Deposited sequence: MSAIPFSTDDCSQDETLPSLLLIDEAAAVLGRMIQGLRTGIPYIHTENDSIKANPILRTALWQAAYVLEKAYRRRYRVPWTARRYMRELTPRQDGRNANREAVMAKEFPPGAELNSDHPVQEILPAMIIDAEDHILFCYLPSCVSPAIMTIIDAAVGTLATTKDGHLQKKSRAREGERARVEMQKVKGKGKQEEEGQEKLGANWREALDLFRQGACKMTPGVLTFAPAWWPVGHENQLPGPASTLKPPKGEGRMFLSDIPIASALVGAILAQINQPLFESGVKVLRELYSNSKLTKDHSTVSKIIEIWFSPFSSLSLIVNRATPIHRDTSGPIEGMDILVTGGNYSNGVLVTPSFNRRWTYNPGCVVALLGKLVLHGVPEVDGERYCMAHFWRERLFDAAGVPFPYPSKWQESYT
């Protein structure tokens, strides 16, 4: 699977770039590999290297462990129960480093670690190169302007109507938009709701070989490769495990339904993640994501033509500047996060996990990494 070898090389080269920034010995990339063959990607790796190098120098600590926090949470605790969330806010407060009457919105790259150094949240503003943002802009635009596509049809079909908060009508930007608002999710293999005691199969959005879902995957391999390499700098065990899981699902036809389609999708899946969701022109209320493993680190990428983006993390007493090209890695099942409506058009690519694909592939799901792992 050359796609996975490509993202492995991107991850390894990004690690060498970062190491070289930290030691003062500039890394000299010499191999005739996929990074030499994709200079746009190489340059974007350099830009990410500089942002990650800054984030590692700016670590706030909370006075509790992720372990205790996750023990207190119930399996589907997403933030909608105010009494429970008051219990969490009192039991697990921001601490002295973060509490502050009226703190300023953050702009420098940074991270939040727990009392035993596990990374909970990694903030990478201006991480994605303009060239790759243009590529993503075009891929999302193609998806969100398709005349009879999911977003347009789902728009019109429920514009006759003018619980499931992720597609709630009032969260979508109203009026004329270049990009029809909506949500589409993609996965090489996953389970139907309430149906996990069976083999996973391809997401319905990706099953047509020439439908728009597969075409969207085809437009973004350079971006997915960048995102995967960033993940590898933050939690290398999780990156390597995700890649191993995809290789196993590719190799063993007994693990999925419709394995031939799963294999053709994996061949264009340039990512370590289990799943990718595209959220177009939608505000995001404060929430936790409950369907993945709490040990899983999700990655958010935000884009578009807007200028006042803010990502809110109330448990950290922080607001973060969240403008196009910003990347946020976070334990989304622990960390409450939200993104208010913005004055312009926006999309988000959210990368996340399905733990039982790890079980099915015989690959342990690793516990969240510590910051010192960056310096080994």
- Message: Let me make sure I understand the coverage. Which parts of the deposited sequence, in order from the N-terminal end, have no C-alpha coordinates here?
- Response: 1-16, 179-201
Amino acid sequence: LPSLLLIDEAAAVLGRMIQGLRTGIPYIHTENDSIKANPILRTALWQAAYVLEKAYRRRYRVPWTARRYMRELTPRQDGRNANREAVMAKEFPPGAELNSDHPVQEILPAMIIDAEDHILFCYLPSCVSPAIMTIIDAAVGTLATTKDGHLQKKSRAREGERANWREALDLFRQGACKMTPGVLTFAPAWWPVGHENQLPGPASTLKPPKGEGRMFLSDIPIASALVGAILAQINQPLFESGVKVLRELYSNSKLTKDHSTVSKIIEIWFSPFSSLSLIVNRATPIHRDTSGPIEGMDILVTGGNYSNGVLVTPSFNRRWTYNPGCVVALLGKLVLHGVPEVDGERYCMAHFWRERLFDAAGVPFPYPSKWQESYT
From here on, numbers count along this sequence of modelled residues.
- Item | Stretch exceeding the other in mean C-alpha B-factor - 275-283, 95-103 | 95-103
- Task: Read off the CA B-factors in the entry, average them over 173-181 and over 286-294, and name the higher stretch.
- Result: 173-181
- Of the residues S241, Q233, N252, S224, the one whose Cα carries the largest B-factor in the deposited record is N252
- Task: Identify, among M133, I299, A144, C127, the residue whose C-alpha carries the highest B-factor in the deposited PDB entry.
- Result: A144
- Message: Ranking every modelled residue in this chain by its Cα temperature factor as given in the entry, which third contains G303?
- Response: lowest
- Message: Using only modelled residues of the chain, where does the Cα B factor of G362 rank: lowest third, middle third or highest third?
- Response: highest
- Message: Among the modelled residues of this chain, does the Cα B factor of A37 put it in the lowest, middle or highest third?
- Response: middle
- Note on the structure: Chain thirds by Cα B factor, record data; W191 belongs to the middle
- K333: C-alpha B-factor third of its chain, per the entry, is the lowest
